[PDB]
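Just the one chain here, the form deposited in one PDB entry, laid out as structure tokens.
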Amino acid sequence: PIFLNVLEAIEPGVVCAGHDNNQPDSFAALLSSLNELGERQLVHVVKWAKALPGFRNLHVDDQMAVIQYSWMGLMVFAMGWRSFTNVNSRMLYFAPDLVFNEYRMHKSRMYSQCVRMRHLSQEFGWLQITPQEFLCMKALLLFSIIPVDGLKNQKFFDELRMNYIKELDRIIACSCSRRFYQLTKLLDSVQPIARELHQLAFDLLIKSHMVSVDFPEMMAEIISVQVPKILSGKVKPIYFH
């Protein structure tokens, strides 16, 4: 069980957003705390990804690119799991100090995206996703979005992605065919959600000075340098189906 030993050992712990929960639920306050949470989670996503089996086989530039394209999906998938295990998924458990109820979903001006994130969260229950299946699926999501012109060493990426798909198939095997279809459909469903959030993030960065929404340093860098490559079609998700 070497592969799952590693995935369990490197899984990040709790990350707080730093939100002041006794101020009013304003658009600016909620979105600023979400941006701060993103900046804080990015630290952990980088350390997690660098410790994955085989990740250092990738060329160093492909290592940062793959993190910088897939962070949205990774973070939404993990938040869906937190919500499913914590508030059972009529709320969104972004962080222990940033839990969205319906009021916050409206004041954030993200209600429709939050609905879709809630549906993602509920699928962990409907499909009875095990912790091992969650861990393998999440690792795969790191290897599920790349430039259309390819990475600096695409061949090493294709081998690594192959091997993570094989590990997912092994966890299922330890009926099988139905399960694999269900899980790969679930993985595919993350990308349209992440794309809606990529669009929201970009639009909000552009008009941030006017809606009093603060963007941390690495969030502002990634949203203005990398996210527009996704929105303009230069970087695309790899779908199973």
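The first residue of the shown sequence is 1; numbering continues from there.
The discussion below concerns the form solved in complex with a partner chain, not included here.
*Asks:* Looking at 63-71, 180-188, 206-214, 22-30, which lies within 4.5 angstroms of the partner chain in the bound PDB entry, counting heavy atoms?
*Replies:* So the stretch in question is 63-71.
*Asks:* Every residue in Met79, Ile193 and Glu196 with a non-hydrogen atom within 4.5 Å of the partner chain in the bound PDB entry?
*Replies:* Zero of three within 4.5 Å in the bound PDB entry.
*Asks:* Flag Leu52 as yes or no: does it have a non-hydrogen atom within 4.5 angstroms of any non-hydrogen atom of the partner chain in the bound PDB entry?
*Replies:* Result no; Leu52 lies far from the partner chain in the bound PDB entry.
*Asks:* Using heavy atoms and a 4.5 Å limit, would one call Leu231 a contact residue for the partner chain in the bound PDB entry?
*Replies:* The answer is no: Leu231 has no heavy atom within 4.5 Å of the partner chain.
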